[PDB]
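Taking the form deposited in one PDB entry, here's one chain by itself in structure tokens.
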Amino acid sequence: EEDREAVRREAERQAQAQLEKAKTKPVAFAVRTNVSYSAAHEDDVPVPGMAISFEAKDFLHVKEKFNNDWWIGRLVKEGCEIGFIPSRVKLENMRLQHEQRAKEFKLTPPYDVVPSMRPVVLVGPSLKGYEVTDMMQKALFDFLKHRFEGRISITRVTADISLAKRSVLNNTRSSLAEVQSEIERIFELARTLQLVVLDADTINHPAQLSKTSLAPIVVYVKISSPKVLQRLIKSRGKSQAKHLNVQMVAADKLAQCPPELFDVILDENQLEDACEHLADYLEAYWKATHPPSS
């Protein structure tokens, strides 16, 4: 078992070399996992112990391809460095192997391409297009413009991106051609790993983007008390007091929406504190996608 380890030791040395250079290379593409994976019990791994494990719904940045079974990349989490990631074919084969084993007792798809930076989307306090909500979101946008100036892009999205259901695109106001055009734009904005914030007028609920391929960071601008909301709108004149109704319910709908559908929830009494809470979240997200050795 001496001459055998000869070839293996070298391949492992080469694999390591490629893994190292990849640390600074850019992100070819990002994926959201639909299944979990553990390298805990396997061989066939280029550099023993360098395979990355993940749970379903995790985000991965794929930098380059090693071979038909492994890609090189990292998990998007602070401190996580480059590592080997199983390829789609590899995961599918593992699915087959496990099924065979299951039958021997005689008792889809794993990755979704996603933008390299999760686009930030704001919903709440109520309906967009009006004022209470528009002004409060407009505030957060200006804050983010400065807090992350030089590393962020805030772009308006008129096209109804809520029509961008994976299945639909894989096959109404805006047209699919226009939507697809915007998704591409979103994807291309996050390419260089800069922070991407969207001002999507058609999105008031997280469910409108659940089936899409944007995997956004849904930010819930929540005003805890309904009374606070009511008063707030009233102080906008009859040009808003009339449209009052369509604002309380919309707000109440978000209020009943399960927190899981939200990534961040801004329910601070002071607007200055909402900003800082978001900045902190984005600052950590920024670190999860950037940091040391790149």
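Don't overthink the numbering: it's just position in the shown sequence, from 1.
Keep in mind the form deposited with a partner chain bound is missing from the figure; the text below concerns it.
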- Query: Using 4.5 Å between non-hydrogen atoms, is residue 236 touching the partner chain in the bound PDB entry?
  - Reply: yes
- Message: Taking the partner chain as it sits in the bound PDB entry, is residue 114 near enough to touch it, meaning that at least one heavy atom pair lies within 4.5 angstroms?
- Response: no
- Would residue 178 sit within 4.5 Å of the partner chain in the bound PDB entry, counting heavy atoms only? no
- Item | residue 227 within 4.5 Å of the partner chain in the bound PDB entry, heavy atoms | yes
- Of these, 282, 22, 274, 15, which has a heavy atom no more than 4.5 Å from the partner chain in the bound PDB entry? 274
- Between the options 222, 128, 77, 165, which residue brings a heavy atom to within 4.5 Å of the partner chain in the bound PDB entry? 222
- Item | Stretch in contact in the bound PDB entry with the partner chain, which is absent here, among 44 to 52, 65 to 73, 31 to 39, 260 to 268 (heavy atoms within 4.5 Å) | 260 to 268
- Thinking of 195, 199 and 290 as one candidate spot, does the partner chain come within 4.5 Å of a heavy atom in every one of them in the bound PDB entry? no
